């Protein structure tokens, strides 16, 4: 399993202690939301595989300035390779289709890919972008999954690129928000992997949990735009332990995240052959996030005590 290393608290451990905590918990992968130099230094020789984001403030330059992608890769990747085990570069996070920066994603992806390819790294370090599930229009049943017209205009060209390079699409997936958004329709057990039997019978495909239903809606959408062979990496998934309603609790967050860990090895109903790569959001409670649930997605408190015990 992977874990997202969010840094927006005023009281978190230094990156070196955080890397030690990953290693001691046998957490194999890490997402960084920017090329923090202290984190990349700490990751040297750790063997932790890294999903590294291009920050939103860099995407336009990587698209438009012909020197920028090469400079970015040389500073943030080549300077740390091979001691840092890079696995993905995610060009943007939740930009499609509404952001004014969406127009720069594929150009930036192409320019980054070219730089990595020249160095012989285009295979181990795959280039993608991270989207939210708002890119879906229809999503029930999962086999009806299709991108919205607005999302499709950006994603069809991106998916052609991903398929050609053997790269996945990254998707932030939260059963939690489907649950809170649909009271009386989406059950708590369905969201927490503890539903009894099939909740949605979708032809040959049986959905026992909400995670599978959302992810497979994305697979179904990908199949319509030349993406049948494009894998999905779940680049965020988690459950808040406080700051919301009664079901934002340590008990439910433990159930969601532990069950996720026990689930992903079997894949999904549409793609059962391989483990789904997933990153738990997130390592620590971040006290500089918006008040409420966003301050409470941590597996660990700032002093490194687990918020709830997890076997990774």
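Numbering follows the first chain given and starts at 1.
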#### Entry: Mean temperature factor over C-alpha atoms, higher-scoring stretch between 99 to 107 and 195 to 203
195 to 203
### Message
Test of understanding: from the entry's C-alpha B-factors, which stretch has the higher mean, 232 to 240 or 112 to 120?
### Response
112 to 120
### Query
Among 49, 285, 45, 255, which residue carries the highest C-alpha B-factor recorded in the PDB entry?
45
### Task
Ordered by C-alpha B-factor within the chain, which third holds residue 263? Give me lowest, middle or highest, please.
lowest
#### Entry: Lowest, middle or highest third - CA B-factor, residue 167
middle
### Task
Pull the Cα B-factor of residue 19 out of the PDB entry and bin it into the chain's lowest, middle or highest third.
middle
## Note on the structure
Quick tally, chain-level thirds of C-alpha B-factors: residue 290 sits in the highest
### Query
Looking at the C-alpha B-factor of residue 93, is it in the lowest, middle or highest third of its chain?
middle
